[PDB]
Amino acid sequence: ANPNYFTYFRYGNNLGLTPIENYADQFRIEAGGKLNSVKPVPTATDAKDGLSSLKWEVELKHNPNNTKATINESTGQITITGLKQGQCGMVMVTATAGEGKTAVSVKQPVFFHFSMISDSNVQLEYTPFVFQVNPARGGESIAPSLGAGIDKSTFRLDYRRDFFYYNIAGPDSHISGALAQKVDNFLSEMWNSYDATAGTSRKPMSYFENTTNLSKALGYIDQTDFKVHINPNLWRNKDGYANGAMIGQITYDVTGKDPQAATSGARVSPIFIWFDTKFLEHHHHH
């Protein structure tokens, strides 16, 4: 197209994952580290005038209750504050080339994970921590590392509470925000499609609540490898397929039991699920 026309930028990742275009833009703050040590700058674009010709803007998406983000308008350097240990956060970055009628803007998410050692010496890390999934086809995330000394055979892991969804490029009618009582949004619609009585419960996302019908869950964690599974043909409605990102709190138990009632130190939000029909899996030759 025109002189301002472009289609992408990239920040990459600090996880050693390559090539960077096969993964979301995503940054981990290591266990026991500081948020102010991870201030990513962009590394790629198809803008002809390049990274130092773009106007950089940021909007914090997750977690609105406690996280903030700012951006250097010239360099694109992002700074995050307030994200809590054991949680992921999400921002939307907008880059704009030019001004006026022929200006072109491109918006993309950037994700963050503040890792930690939680109860019982667990250090739960998905690498990548953004699972890019096609909602028509479904799929399974990476298997996480659990931490040194953890018995994987007695580990149990399940979604629990605090589910949030952020529309990225889906229809505006996929309303963003927390799954909550008396709020009609994309997550309440998804929940209700699983069961009219699901409410704000873990049930649509739970292994332990779907043991005899896993294929019916919106998604679940398996108890062998602890991958997150997303089932096909559910994250959609008449207006369109999900095109957006979901985060939920996940609880664990180190004694072979359903972790429903795990206490506060055995609760984390270690993974973001990003739905987009354009995603095809990169299997690395299996």
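The numbering used is simple: start at 1 and walk along the sequence shown.
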- request: Read off the CA B-factors in the entry, average them over 55-63 and over 244-252, and name the higher stretch.
  value: 55-63
- request: Would you mind comparing 224-232 and 27-35 for me and telling me which has the higher average C-alpha temperature factor in the entry?
  value: 27-35
query: Can you tell me which of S74, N167, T127, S206 has the highest Cα temperature factor in the record?
result: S74
query: Out of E140, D162, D119, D158, which one has a C-alpha B factor higher than all the others in the entry?
result: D119
statement: In terms of its chain's C-alpha B-factors, the third that includes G89 is the middle
message: Considering every modelled residue of the chain and its Cα B-factor in the PDB entry, is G177 in the lowest, middle or highest third?
response: middle
message: Please place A148 in the lowest, middle or highest third of its chain according to the CA B-factor in the PDB entry.
response: highest
task: Tell me, lowest, middle or highest third: where does the Cα B factor of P19 rank within its chain?
output: middle
task: Ordered by C-alpha B-factor within the chain, which third holds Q132? Give me lowest, middle or highest, please.
output: lowest
